[PDB]
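The chain below stands alone and is given as structure tokens, in the form deposited in one PDB entry.
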């Protein structure tokens, strides 16, 4: 309990609320074209890919560079965090009708890195770090909440149940944010390590979520918009 965790809970809350707004838009839409779905998901992926680079790895290296020094030991700390983040998510991807439940688990697992990244990115209190990432994550949460609800409906839930499950799915960002503050505030190196870890987890999820032309337009737009947000915020 402290100041920099509050900003993280607020970040996690904006992630849950953004997901929910996207989820509630499916009530009115019920179905969308494959062109629209593929673009949205490519936009969501592109936002998190650049976020991993510009909001997590690059700030984590700077944080490590002032805790440890300018040498490669700083970069080593982050890279090792990154590899541990991949392997944590490689693990979960492996150790885990009633097919709905298995799709729901994926949706849950894929929200975990975004929640964690919000909580990690606010550990030092720097709005210049947490704000671009949190607002990028909320932005792609709207398409993702919509996408999730429509897909749960496409697999056979009535839109109302599907929207409900989608909204509950978003609770994983508040929860992941709590996890993120925990792993980044134990010791000095916890922060750069946890920045690498969230980036790695994030990159694993988005590799697993990447009509290729329409998806590329979304991918490029999400990437470019992430660069804009990081530069402006």
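So that the term is clear: the rigid core is the largest set of C-alpha atoms that superpose within 1.5 Å between two forms. Residue numbers count along the first chain shown, from 1.
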Practice item. Note how many residues of the deposited chain are left out of the model between residue 217 and residue 218; the options are none, 1 to 3, 4 to 9, and 10 or more. Key: none
Study note, to complete from the structure: Higher avg CA temperature factor (87-95 vs 104-112, as deposited) belongs to 87-95
Exercise for review: Higher average CA B factor in the deposited record is what I'm after, so tell me if that's 75-83 or 119-127.
Suggested key: 119-127
Check your understanding: Highest Cα B-factor in the PDB entry belongs to which of 34, 171, 201, 164?
Key -> 34
Review point. Per the PDB entry, which option out of 67, 48, 41, 177 has the greatest Cα B factor?
Key: 67
Exercise for review: Using the B-factor values recorded in the entry, state whether the Cα atom of residue 3 falls in the lowest, middle or highest third among the modelled residues of its chain.
Suggested key: highest
**Study point:** Within-chain third of residue 196 by Cα B-factor, per the entry
**Key:** lowest
Exercise for review: Rank-wise, by C-alpha B-factor, drop residue 232 into the lowest, middle or highest third of its chain.
Suggested key: middle
Exercise for review: Looking at the entry's B-factor column for C-alpha atoms only, identify whether residue 24 ranks in the lowest, middle or highest third of its chain.
Suggested key: middle
Check your understanding: Split the chain's modelled residues into thirds by Cα B-factor; is residue 210 in the lowest, middle or highest one?
Key -> highest
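A second form of this protein, the form deposited in another entry, is not displayed here; the remarks below concern that form.
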Point to revise | Comparing forms between the shown form and the other one after core superposition, the one residue of 76, 90, 84, 108 displaced by 2 Å or more at CA | key: 108
Practice item. Could you tell me whether the Cα atom of residue 29 shifts by at least 2 Å between the shown form and the other one after core superposition? Key: yes
Revision key, fill the gap. Cα of residue 41 vs residue 139, shift of 3 Å or more in the other form, relative to this form: the pair sits closer
